[PDB]
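Shown here is one chain on its own, the form deposited in one PDB entry, set out as structure tokens.
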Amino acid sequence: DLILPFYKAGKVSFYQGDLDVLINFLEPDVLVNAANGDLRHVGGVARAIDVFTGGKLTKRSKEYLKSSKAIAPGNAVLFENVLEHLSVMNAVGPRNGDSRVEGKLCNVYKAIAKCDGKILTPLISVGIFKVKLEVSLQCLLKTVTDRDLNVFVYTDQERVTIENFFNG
């Protein structure tokens, strides 16, 4: 492997890198999108995924909303094979100060863990939805307990925070 994790907790591996490079080298079947409820794909995760699929994620999203329930926080919807052997799991997390941030976050991870194959995911709700990294991380660890999972972050700071959480 060209790209190796900076931490591994049980079956959960943690990576730092640009999204396109992690997809290319880690070869996921399922990519989790940090979605917003109206599926406008903006931000460091959602725009990068859209672009990687040549705009197909957005095409499928517009199609989806013609006949399908908007995605409420706490839920996720899988678009299968947005590209051949790359499904996008559109996970909509809670925002800081919503009710039941932890229950909704944890439910998102429960949905993510039911997907098939190799999964590559960011930490849901961390960044612009302003949930503390450790709250999202704790829900992930608590919920996805016996399942191979790959988690990515972009910044040095985020990596350190994750390392500090485990190092104590």
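Position 1 is the first residue in the sequence shown; the rest follow in order.
Just so it is clear, the following notes concern the form deposited with a small molecule bound, a form of the same protein that is not shown.
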property: Partner-contacting position among 108, 35, 139, 57 - heavy atom within 4.5 Å of the small molecule in the deposited bound form; result: 35
property: Interface residue in the deposited bound form among 135, 128, 51, 65, criterion: non-hydrogen atom within 4.5 angstroms of the small molecule; result: 128
property: Partner-proximal stretch of 139-147, 66-74, 40-48, 112-120 relative to the small molecule in the deposited bound form, 4.5 angstroms, heavy atom; result: 40-48
